[PDB]
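Report on the following structure.
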Amino acid sequence: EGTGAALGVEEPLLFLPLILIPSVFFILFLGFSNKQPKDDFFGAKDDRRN
(Lines give C-alpha, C1' and ligand atoms only; values in the text may rest on other atoms or scores of the structure.)
Protein backbone atom coordinates (compact mmCIF):
# COMPACT_ATOMS: atom_id res chain seq x y z
CA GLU A 1 0.00 0.00 0.00
CA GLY A 2 2.18 2.88 1.26
CA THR A 3 -0.63 5.13 2.57
CA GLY A 4 1.05 5.04 6.04
CA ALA A 5 -2.01 4.29 8.23
CA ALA A 6 -0.94 3.49 11.82
CA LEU A 7 -0.69 -0.29 12.31
CA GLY A 8 -2.04 -0.91 8.80
CA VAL A 9 -5.54 -0.05 9.92
CA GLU A 10 -7.47 1.50 7.06
CA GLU A 11 -10.64 -0.42 7.93
CA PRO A 12 -12.02 0.31 11.41
CA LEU A 13 -13.04 -3.33 11.89
CA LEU A 14 -9.39 -4.17 12.51
CA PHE A 15 -9.63 -2.51 15.92
CA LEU A 16 -11.89 -5.41 16.90
CA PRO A 17 -9.19 -8.13 17.00
CA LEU A 18 -6.48 -5.66 18.07
CA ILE A 19 -8.22 -4.38 21.20
CA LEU A 20 -9.89 -7.66 22.19
CA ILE A 21 -7.20 -10.35 21.85
CA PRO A 22 -4.72 -8.32 23.94
CA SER A 23 -7.44 -7.66 26.51
CA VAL A 24 -8.45 -11.32 26.52
CA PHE A 25 -4.94 -12.43 27.49
CA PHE A 26 -4.59 -9.41 29.77
CA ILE A 27 -7.43 -10.73 31.91
CA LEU A 28 -5.69 -14.11 31.86
CA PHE A 29 -2.47 -12.34 32.84
CA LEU A 30 -4.25 -10.57 35.69
CA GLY A 31 -5.33 -13.96 36.99
CA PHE A 32 -1.63 -14.77 37.27
CA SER A 33 -0.51 -11.36 38.55
CA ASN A 34 -3.04 -11.01 41.37
CA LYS A 35 -1.97 -14.27 43.02
CA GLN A 36 1.69 -13.17 43.26
CA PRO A 37 3.77 -12.13 46.34
CA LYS A 38 3.83 -8.30 45.73
CA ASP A 39 6.78 -7.80 48.19
CA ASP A 40 9.72 -5.51 47.35
CA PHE A 41 12.55 -8.01 47.05
CA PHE A 42 16.33 -7.31 47.09
CA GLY A 43 18.98 -8.59 44.69
CA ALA A 44 17.63 -9.62 41.28
CA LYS A 45 15.29 -12.24 39.74
CA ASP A 46 12.75 -13.10 42.55
CA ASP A 47 11.51 -16.76 42.11
CA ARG A 48 8.44 -17.12 44.35
CA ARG A 49 6.05 -16.87 41.36
CA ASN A 50 3.08 -18.60 43.07
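Ordering of the C-alpha coordinates sets the chain letters (A, B, ...), residue numbers begin anew at 1 in every chain, and ligands are numbered from 1 in the order given.
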
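Note that DSSP on the backbone gives helix (DSSP H, G or I) to these residues of chain A: residues 6, 7, 8, 12, 13, 14, 15, 16, 17, 18, 19, 21, 22, 23, 24, 25, 26, 27, 28, 29, 30, 31, 32 and 33 of chain A.
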
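Here atom CA of residue 31 of chain A is placed at a distance of 26.1 Å from atom CA of residue 43 of chain A.
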
>> Residues within 12 Å of residue 48 of chain A, please, as a count of residues only. Count only C-alpha atoms; anything in the same chain fewer than 3 positions from it doesn't count.
In response: 7

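The interatomic distance for the pair atom CA of residue 28 of chain A and atom CA of residue 50 of chain A works out to 14.9 Å.
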